[PDB]
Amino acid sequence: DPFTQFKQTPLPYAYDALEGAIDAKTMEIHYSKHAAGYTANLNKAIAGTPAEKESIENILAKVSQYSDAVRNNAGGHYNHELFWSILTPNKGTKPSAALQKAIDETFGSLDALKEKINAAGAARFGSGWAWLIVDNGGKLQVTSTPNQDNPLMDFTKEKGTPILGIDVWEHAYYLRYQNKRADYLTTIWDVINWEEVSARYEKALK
């Protein structure tokens, strides 16, 4: 149906494409059950409200005006859409010159950034997300959020434009890693698409 307000973007690789870090069964369920549900429930939650014809970014920026169903599903739809875009089967991507310079000046090195994101992801108690965001004015920051909340939402304390998000809900890693969230975090770097992260950085700075 072309007329639904929000749609999932088709995955740009096969479910088994990310097997260097994420099992195929998880990819299938995570995309076709969890993420699909957020999209469908978002379209239902906004129907008949002032969010009905708003962009996802505008819904998130005003999300406290709306129901909890709008918050949770707007978050879930945005977050998962971003997540698929920042994964790739193509090994060896790296930050753009501009992003690498910013990472090095702000954290010291790519390894230092990864360590900070790993720690943020590990420290998120319960369900949530780890993020790299660009704050207003352009500074990179690492944060985490609960459940499907994100850095675009009006009440989130550390606000900014996400350029990388990593899902630390247990559904994202339990089939392959069970309790070992730290091993998921260490391994997922092998499938992070730094070209997409860099494109999002470029767009955030405009």
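For every residue, the number given is its place in the sequence shown, counted from 1.
Student: Compare the mean C-alpha B-factor of 32-40 with that of 155-163 as given in the PDB entry, and name the stretch with the higher value.
Tutor: 155-163 has the higher mean C-alpha B-factor.
Student: Given the B-factors recorded for C-alpha atoms, which segment has the greater mean, 125-133 or 84-92?
Tutor: So the stretch with the higher mean C-alpha B-factor is 84-92.
Student: Report the third (lowest, middle or highest) to which the CA temperature factor of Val168 belongs, ranking only the modelled residues of the same chain.
Tutor: Lowest third, going by the recorded CA B-factors of the chain.
Student: Taking only the Cα B-factors deposited for this chain, tell me whether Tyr13 sits in the lowest, middle or highest third.
Tutor: According to the entry, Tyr13 has a C-alpha B-factor in the chain's highest third.
Student: Just say lowest, middle or highest third for the CA B-factor of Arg176 relative to the other modelled residues in its chain.
Tutor: For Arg176, the deposited C-alpha B-factor lands in the middle third.
Student: Lowest, middle or highest third: where is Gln65 by C-alpha B factor in its chain?
Tutor: Tercile = highest for this residue's CA B-factor.
Student: Please place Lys101 in the lowest, middle or highest third of its chain according to the CA B-factor in the PDB entry.
Tutor: Highest third of the chain for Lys101's C-alpha B-factor.
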